[PDB]
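Colleague: When you get a sec, could you give me coordinates for this:
(one chain, ligands or ions: 2)
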Amino acid sequence: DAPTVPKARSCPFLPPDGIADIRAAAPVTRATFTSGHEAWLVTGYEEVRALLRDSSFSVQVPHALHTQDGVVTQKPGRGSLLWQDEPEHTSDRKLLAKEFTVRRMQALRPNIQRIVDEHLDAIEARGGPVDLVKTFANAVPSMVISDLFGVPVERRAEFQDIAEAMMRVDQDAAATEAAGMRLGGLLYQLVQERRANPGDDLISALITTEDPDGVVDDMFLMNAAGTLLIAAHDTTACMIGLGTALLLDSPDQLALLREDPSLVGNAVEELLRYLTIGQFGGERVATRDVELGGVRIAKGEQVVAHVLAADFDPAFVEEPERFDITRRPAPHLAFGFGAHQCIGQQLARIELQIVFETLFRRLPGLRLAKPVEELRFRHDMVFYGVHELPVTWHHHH
Ligand SMILES: CCCCCC[C@H]1C(=O)O[C@H](C)C/C=C/C=C/C=C/C=C/C=C(\C)[C@@H](O)C[C@H](O)C[C@H](O)C[C@H](O)C[C@H](O)C[C@H](O)C[C@@H]1O
Ligand code: HEM
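Modeller: Numbers count the residues shown, from 1 in each chain. Ligands and ions are numbered 1, 2, ... in the order given. Have a look at this structure:
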């Protein structure tokens, strides 16, 4: 039996302790995963990039290595992207990217600022202490993406609850699929509504997009909306609560940011790299024999791109365990790489910049109200983070 992949973190803001020696000795190696299956663990930065850029790997993998039962949940089809291979991944991503453009992400900045300031108004009005996860981290990115999609305000809490029920590694396939099925009911209503009553929203723009092959039908819209809505809710929330917790535990770094809000672009790149919240790694399967880091991977063999390990490779950046927001941004792997690299990463960066800049400006003396060693971290979720973050700040006399 290949050694189990290290999971335990003695420092909750760092990778599992065992990872570094594995990456150093054998950045492509056999390991046993949570499901009990053996597969290839890829931990080295250059090798994860090579893995992710190689189009002979498929995302239609045989096992769910990160769940106990190993059962692969039934994934949505065309429009969802994450679970598609070329050539349909390529054409369908192009259709989505025609309307979900980086310039349109950029044009969300004033709305995202308003949402942030509104949730901080509510925090100041209630006074401290507060749990920043429930009052701010989960709520803000939900409002941003729900506004882009014209999701009625009374349904948004249900979307948030689906991400909490669905994006887990501590349950069986039946539980995960039931939450996926409830999400389909919400997506079906939303697509029907946009078709019936088009508006200034992203589904309505996709409905009218150039579509010579007639691929944009309701199932495609539901699948695209589901992937975008859930990814945008869960990942960004996790980064907000965890990057906040890390800065609140990093006094020299938080002082630099407080001195200079214009460093927040560098700080968000370093937070993404350092926290790499996709903690268990991306799964792929070889569709032909390939050589990866000089190791033969056989057709049909599953492989895990451990982006958290890769972002701590000392060959990628100097002293990678040092959290340093003054570093020049480098091309970390927090959004993946190659064909599947995050289509939403510019919107994610914009949200994080506005969130962290405004948060640390507007709550003077923000600081933890519960020590890190007592927080509940997300070892049980696909995306890492904290389940709660109690904070306090200077009182407004
Ligand atoms: C490189 C390191 C990162 C690895 C990340 C690994 C991480 C990931 O890729 O995250 C994305 C990057 C961001 C998350 C996106 C989430 C998308 C959810 C979309 C859901 C769509 C649902 C509909 C259309 C329903 O109508 C029909 C559908 O068929 C119902 C299914 O049941 C839904 C599945 O349950 C969803 C599945 O559970 C999510 C994966 O589990 C996410 C994965 O685990
Ligand atoms: C900080 C927040 C985010 C992180 C860390 C993140 C991470 C990632 C990663 C690692 C992947 C690639 C998965 C793989 O290769 O298997 C990805 C893909 C994807 N993400 Fe993001 N994501 C974030 C925010 C967003 C947002 C805001 C959106 C939507 C607006 C979004 C939409 C998507 C979609 C649709 C894909 C699939 C792209 C494809 O398969 O071609 N994500 N994300």
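
Colleague: I'd like to know how far residue 351 sits from ligand 2.
Modeller: 7 Å (CB to the nearest ligand atom, to the nearest Å). Yep, even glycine has a C-beta here, placed from its N, CA and C like the rest.

Colleague: okay, now the closest residue to that residue other than its chain neighbours: neighbour count?
Modeller: Excluding its sequence neighbours, the residue lying closest to residue 351 (CB to CB, 6 or more residues apart in numbering) is residue 236, at 5.2 Å. Residue 236 is flanked by 26 other residues according to other CB atoms under 10 Å.

Colleague: For the stretch 1-150 of the chain, which residues are neighbours of ligand 1?
Modeller: Counting by CB under 6 Å from any ligand atom, the residues of the stretch 1-150 of the chain close to ligand 1 are 73-76, 82.

Colleague: most surrounded residue in the residues you listed?
Modeller: That'd be residue 76 among those, by other CB under 10 Å, with 21 neighbours.

Colleague: wait, is that residue part of a strand?
Modeller: No: per DSSP: H, G, I helix; E, B strand; the rest coil, residue 76 lies outside any strand segment and is coil.

Colleague: Is it correct that it is in contact with residue 84?
Modeller: No: here residue 76 does not reach residue 84: they are 9.5 Å apart, not a contact under CB atoms under 8 Å.

Colleague: In this protein, which helix is the longest?
Modeller: Counting by DSSP state H, the longest helix found in the chain is helix 218-248.

Colleague: any chance you could map the strands in the stretch 51-200 of the chain?
Modeller: 57-58, 130-131 (DSSP state E, counting those that start in this stretch).

Colleague: Most tightly packed of the ones you listed?
Modeller: strand 57-58 (a mean of 22; mean count of other CB atoms under 10 Å).

Colleague: Check which helices and strands it sits against.
Modeller: Packed against strand 57-58, as judged by 3 or more CB pairs under 8 Å, 6 or more residues apart in numbering; DSSP states H and E, are the following elements: strand 282-286.

Colleague: List the buried residues for the following helix or strand past the strand it packs on?
Modeller: Beyond strand 282-286 on the C-terminal side, the first helix or strand identified by DSSP states H and E is strand 290-292. Residues of strand 290-292 classed as buried: 290, 292 (neighbour count, 16 or more other CB atoms under 10 Å).

Colleague: What strands line up against strand 290-292, and which way round?
Modeller: Here strand 290-292 has these sheet partners by DSSP bridges: strand 295-297 (antiparallel).

Colleague: List the contacts of the partner strand.
Modeller: With contacts defined as CB atoms under 8 Å, 6 or more residues apart in numbering, strand 295-297 is touched by 28-29, 40, 286, 289-291, 303.

Colleague: If you rank these by neighbours, which is first?
Modeller: Top of these by neighbour count (other CB under 10 Å): residue 303, with 25 neighbours.

Colleague: That one belongs to a helix?
Modeller: No: Residue 303 is assigned strand when assessed by three-state DSSP, not a helix.

Colleague: On the three-state scheme, the spatially closest residue to it that is not a sequence neighbour is what?
Modeller: Spatial nearest neighbour of residue 303, chain neighbours left out: residue 40 (4.3 Å); criterion: CB to CB, 6+ apart. Following three-state DSSP, we place residue 40 in the strand state.

Colleague: quick one: contacts for residue 40?
Modeller: Applying CB under 8 Å, 6+ apart, one finds that residue 40 lies in contact with 28-31, 292, 295, 297, 301-304.

Colleague: Tell me the one of the residues you listed nearest residue 162?
Modeller: residue 304 (25.5 Å; CB to CB).

Colleague: what's the spacing between the residue nearest to that closest one when sequence neighbours are not counted and ligand 1?
Modeller: If the residues on either side of it in the chain are set aside, residue 304 comes closest to residue 281, at 4.4 Å by CB to CB, 6+ apart. Computed as CB to the nearest ligand atom, the residue 281 to ligand 1 distance reads 5 Å.

Colleague: so residue 281 sits right up against residue 303, yeah?
Modeller: No: between residue 281 and residue 303 there is no contact under CB under 8 Å: 9.2 Å.

Colleague: Can you pull the residues that touch both of these two?
Modeller: residue 42.

Colleague: what's the offset of stretch 274-294 from the middle of its chain?
Modeller: Averaging C-alpha positions (CA atoms, centre = their mean, to the nearest Å) puts stretch 274-294 16 Å from its chain's average.

Colleague: Go through it and flag the buried ones.
Modeller: Residues 274-286, 290, 292-293 are the ones in stretch 274-294 that count as buried (16+ other CB under 10 Å).

Colleague: Is ligand 2 within reach of stretch 353-360?
Modeller: No: using CB under 6 Å from any ligand atom, stretch 353-360 never reaches ligand 2; the gap is at least 10.7 Å.

Colleague: can you tell me which residues contact residue 233?
Modeller: 138, 141-142, 145, 159-160, 163 are the contacts of residue 233 under CB under 8 Å, 6+ apart.

Colleague: Give me the nearest residue to the spatially most central residue of the chain, chain neighbours excluded.
Modeller: Per CA atoms, centre = their mean, the C-alpha nearest to the average position across the chain is that of residue 235, at 3.2 Å. Closest residue to residue 235 apart from its sequence neighbours, by CB to CB, 6+ apart: residue 383 at 5.7 Å.

Colleague: Run through the residues that contact that neighbour.
Modeller: Counted by CB under 8 Å, 6+ apart, residue 383 has contacts 167, 234-235, 238, 277-279.

Colleague: any chance of these in TSV, with distance to residue 63 too?
Modeller: TSV is the format used below for the contacts of residue 383 (distance: CB to CB, whole Å):
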residue	distance to residue 63
167	18
234	22
235	23
238	24
277	22
278	18
279	18
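
Colleague: Tell me where the stretch 1-150 of the chain has helices.
Modeller: Per DSSP state H, counting those that start in this stretch, the stretch 1-150 of the chain carries helices over the ranges 19-25, 45-53, 88-99, 102-106, 109-126, 132, 139-149.

Colleague: tell me the most buried of those?
Modeller: helix 132 (a mean of 26).
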